[PDB]
Amino acid sequence: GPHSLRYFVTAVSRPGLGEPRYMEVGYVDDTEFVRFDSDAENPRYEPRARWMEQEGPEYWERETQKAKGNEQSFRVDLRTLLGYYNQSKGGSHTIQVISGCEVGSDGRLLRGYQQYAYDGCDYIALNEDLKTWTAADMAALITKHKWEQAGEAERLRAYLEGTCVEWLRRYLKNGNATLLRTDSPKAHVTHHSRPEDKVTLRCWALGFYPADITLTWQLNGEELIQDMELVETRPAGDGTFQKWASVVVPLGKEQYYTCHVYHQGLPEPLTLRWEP
Amino acid sequence: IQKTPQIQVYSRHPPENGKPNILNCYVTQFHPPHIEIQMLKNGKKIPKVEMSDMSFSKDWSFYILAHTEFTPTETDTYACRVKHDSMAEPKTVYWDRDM
Amino acid sequence: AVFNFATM
């Protein structure tokens, strides 16, 4: 299938309490592989997956210096954006960026992206063409114009088509036994009483990688998406994921409901019911 | 924007007494990013707690995982207490073994 | 592997 290299970066001011906190977290398909955090005892880029330990000290020193440079850059940005928005120096504010690329199974670029947010709202973003920017407001129009004079977009484009994709392939190769694996979901059903002669059936899926999964409830063959509680798929602390979907059904009728679990790790979708 | 954290508590494996496991507290859909997450065993702070899987969704709200190794016991109570600007007081979510 | 970000 396709794969992706993604960085989530945040800088958040805290007036009165020193310099902004700056964080970079990197992912290859749903697994955390690197991290920078300005509040660490010693702020350096560090591995977050065992396969990255193979990268030598030149990798770690380069990425560390890049991250410290990015930190100062975002510190300036925070000051700048107080000016654009006519805001005071006493409040805390947040810049977020998502930056990365996806390649298809042939190892070629499918899409690149770089989007920024300020205080939780769209700010500026590179378009799919990798040539122009969409500014969400007029503060961001100032940025758009600065970035257009500086050739920022072809600079970014060159990273996305060049460095980003080339490092993704490297990571997928060096970490293939972790990244290219599939852990199949193991599933079960729990049962809970409700008032009014009804019952919650909850279908659980545990232990799976990658994160993409689909849980449905059925009755005769109709999917009951119209009466389903669920949680977003979530990490379980060891590089695998979990999910549940529930449905409310009449007491004594729970044997006609089936949970179905769809995952790329499974040779065929799982089917199960409540076990009394 | 202000967004209240959704707090979810769960083990990696179905919980069996005497059997090593991982307790998780996923704290999601929140803004602004400043947050305090404490995992508790019998009302007391668990000292060895790894933070991980920090990210954000399409709408920019923050997600992060707190997790720790543990061995369940019938009598032990586990929970996760979160302080965030969106909430006047700390919200605790308790681990529900039977969920 | 990460980008060097520009100032706004």
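Residue numbering restarts at 1 for every chain, and letters A, B, ... go by the order of the sequence lines.
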Item to check | Pairs of heavy atoms under 4.5 Å with chain A: top-ranked of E50(B), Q29(B), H34(B), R12(B) | outcome: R12(B)

Item to check | Closest-packed option against chain B by number of heavy-atom pairs under 4.5 Å, given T200(A), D238(A), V12(A), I98(A) | outcome: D238(A)

Checklist entry - Of the backbone (N, CA, C, O) and the side chain (C-beta and beyond), which part of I1(B) lies under 4.5 Å from a heavy atom of chain A, both, or neither? => result both

Next on the checklist: According to ring-ring contact (aromatic ring centres under 6.0 Å, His included), who are the partners of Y85(A), at least two apart in sequence or on a separate chain?
Outcome noted: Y118(A)

Item to check | Positions in residues 13-27 of chain B that reach chain A, provided some heavy atom is under 4.5 Å away | outcome: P14(B), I22(B), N24(B), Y26(B)

Next on the checklist: Is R234(A) in contact with chain B via its backbone, its side chain, both, or neither, using a 4.5 Å heavy-atom distance?
Outcome noted: both

Item to check | Polar side chain donor-acceptor pair, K3(B) to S61(B), under 3.5 angstrom | outcome: no

Checklist entry - If we ignore angles and hydrogens, is there a donor and acceptor under 3.5 Å between the side chains of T31(A) and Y209(A)? => result no

Next on the checklist: Counting only heavy atoms from other residues, nucleotides and ligands, does the tally under 6.0 Å from NZ of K58(B) exceed 12?
Outcome noted: no

Next on the checklist: Just checking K66(A): does its NZ atom have more than 12 heavy atoms from other residues, nucleotides or ligands closer to it than 6.0 angstrom?
Outcome noted: yes

Item to check | Contact class of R14(A) relative to chain B, heavy atoms under 4.5 angstrom | outcome: neither

Checklist outcome for this item: Counting heavy-atom pairs under 4.5 angstrom with chain B, the leader among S92(A), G120(A), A117(A), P235(A) is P235(A)

Item to check | Proximal component of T240(A), with respect to chain B [non-hydrogen, under 4.5 Å] | outcome: side chain

Item to check | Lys/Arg cation over aromatic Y22(A): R75(A), 6.0 Å, 45° cone | outcome: no

Next on the checklist: Check the orientation of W95(B) and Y78(B). Use parallel for under 30°, tilted for 30 to 60°, and perpendicular for over 60°.
Outcome noted: perpendicular

Checklist entry - So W51(A) and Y171(A), would you call those rings parallel, tilted or perpendicular, with 30° and 60° as cut-offs? => result tilted

Checklist entry - Will you find, in the side chains of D227(A) and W217(A), an N or O donor that is under 3.5 Å from an N or O acceptor? => result no

Item to check | Part of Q96(A) within contact of chain B (heavy atom distance under 4.5 Å) | outcome: both

Next on the checklist: If I measure from the heavy atoms of chain B, does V189(A) come under 4.5 Å with its side chain, its backbone, both, or neither?
Outcome noted: neither

Next on the checklist: Pair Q8(B), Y10(B) - check side-chain hydrogen bond (donor to acceptor under 3.5 Å, both in side chains), show working.
Outcome noted: CA-CA 7 Å; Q8(B) 287 161 15; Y10(B) 51 93; 5.7 Å; no

Checklist entry - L40(B) versus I46(B): any side-chain heavy-atom pair under 4.5 Å? => result no

Checklist entry - Counting only heavy atoms not in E275(A), do more than 12 sit closer than 6.0 Å to its CD atom? => result no

Item to check | Contacting moiety of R48(A), where chain B heavy atoms sit under 4.5 Å | outcome: side chain

Item to check | Contact class of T68(B) relative to chain A, heavy atoms under 4.5 angstrom | outcome: neither

Checklist entry - Of the backbone (N, CA, C, O) and the side chain (C-beta and beyond), which part of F33(A) lies under 4.5 Å from a heavy atom of chain B, both, or neither? => result neither

